Amino acid sequence: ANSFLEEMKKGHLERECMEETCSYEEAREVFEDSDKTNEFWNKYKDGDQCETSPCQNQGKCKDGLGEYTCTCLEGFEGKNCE
Amino acid sequence: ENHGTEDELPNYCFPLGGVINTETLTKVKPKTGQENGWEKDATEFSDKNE
Ligand SMILES: [Ca+2]
Ligand SMILES: [Ca+2]
Ligand SMILES: [Ca+2]
Ligand SMILES: [Ca+2]
Ligand SMILES: [Ca+2]
Ligand SMILES: [Ca+2]
Ligand SMILES: [Ca+2]
């Protein structure tokens with residue numbers, strides 16, 4: 001959360017992004033990266049859509065807010081690499 | 001002889017460093033021909049400041 005002694009203490013993902021809503025910055029500080037927070041900011045509010053293994057044809061599934069991104073190989077296209 | 005105390009003013013105490021609840025910000029500069037174009041700019045100023 002956003003407090004005056006909480007954030008005053010060094011932020012911890014185990015001490016902010018768990019019991020509390022994990023809104024932001026406390027979702028990023030401890031992670032100190034835009035390549036790890038954005039991937040954790042969509043697995044706490046709307047869930048990880050890649051737990052169903054949606055991207056077929058051995059594609060890659062990346063988790064986003066409200067949807068997922070599928071990486072398809074050569075000769076594969078479509079919304080979910082189907 | 002009990003006159004009480006003279007304590008009209010408060011007597012605070014501050015953080016060793018002056019301030020410790022800072023937050024991070026990024027420099028932004030006006031755009032041109034947009035009446036609000038506020039665009040990023042980090043050619044000279046580091047993108048993260050306290
Ligand atoms: Ca934190
Ligand atoms: Ca924190
Ligand atoms: Ca725990
Ligand atoms: Ca905490
Ligand atoms: Ca606590
Ligand atoms: Ca902070
Ligand atoms: Ca910050």
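So for segment B:22-32 (the condition being more than 14 Å from every other protein chain (Cβ to nearest Cβ), basic (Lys, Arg) and more than 30 Å from residue A:4 (Cβ to Cβ)), does at least one residue qualify? I'd like the intermediate steps shown before the answer.
Keep residues of segment B:22-32 that are more than 14 Å from every other protein chain (Cβ to nearest Cβ), which gives B:27-32.
Still in the list and also basic (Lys, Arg): B:27, B:29, B:31.
Within this subset, residues satisfying the condition of being more than 30 Å from residue A:4 (Cβ to Cβ) are B:29, B:31.
For segment B:22-32, residues more than 14 Å from every other protein chain (Cβ to nearest Cβ), basic (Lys, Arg) and more than 30 Å from residue A:4 (Cβ to Cβ): present.
Going by the structure shown, is residue B:49 closer than 26 Å to residue A:4 by Cβ, surrounded by 10 or more Cβ atoms within 10 Å (Cβ to Cβ) and not β-branched (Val, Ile, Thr)? So that I can check it myself, show each step before the final result.
Values: closer than 26 Å to residue A:4 by Cβ: yes; surrounded by 10 or more Cβ atoms within 10 Å (Cβ to Cβ): yes; not β-branched (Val, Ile, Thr): yes.
Answer is yes for this residue.
Looking at (1) away from chain A (no Cβ under 14 Å); (2) of a type outside the set (A, V, I, L, M, F, W, C); (3) in contact with an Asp or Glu (Cβ under 7 Å, 6 or more places away or on another chain); (4) under 25 Å from residue A:6 (Cα atoms), which one does residue B:12 not meet, given that it meets all the others?
(3)
Please go through segment A:1-23 and pick out each residue that is within 13 Å of another protein chain (Cβ to nearest Cβ) and among the hydrophobic types (A, V, I, L, M, F, W, C). Before you say what the answer is, go through the steps one by one.
Step one: filter segment A:1-23 for residues within 13 Å of another protein chain (Cβ to nearest Cβ), giving A:2-11.
Passing the criteria: A:4, A:5, A:8.
If I ask for residues that are polar (S, T, N, Q) and either away from chain B (no Cβ under 14 Å) or in contact with a strand residue (DSSP E or B) (Cβ under 9 Å, 6 or more places away or on another chain) (or both), which ones from segment A:24-54 would you list? Spell out how you get there, then give the answer.
Filtering segment A:24-54 down to residues polar (S, T, N, Q) leaves A:34, A:37-38, A:42, A:49, A:52-53.
Of everything in segment A:24-54, those that are polar (S, T, N, Q) and either away from chain B (no Cβ under 14 Å) or in contact with a strand residue (DSSP E or B) (Cβ under 9 Å, 6 or more places away or on another chain) (or both) turn out to be A:38, A:42, A:49, A:52, A:53.
Among (1) in a helix (DSSP H, G or I); (2) touching a residue at least 24 places away in the same chain (Cβ under 8 Å), there is one condition residue A:51 misses while meeting the rest; what is its number?
Status for residue A:51: all satisfied but (2).
What is the residue count in segment A:1-42 for residues that are within 16 Å of ligand 3 (Cβ to nearest atom), under 17 Å from the mean Cα position of the chain (by Cα) and surrounded by 14 or more Cβ atoms within 10 Å (Cβ to Cβ)?
Qualifying residue count for the region: 9.
None of the figures in this text is laboratory data; all of them are computed from the coordinates on show. Cβ: placed from backbone, ideal geometry, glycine included. Neighbour counts: every protein chain shown.
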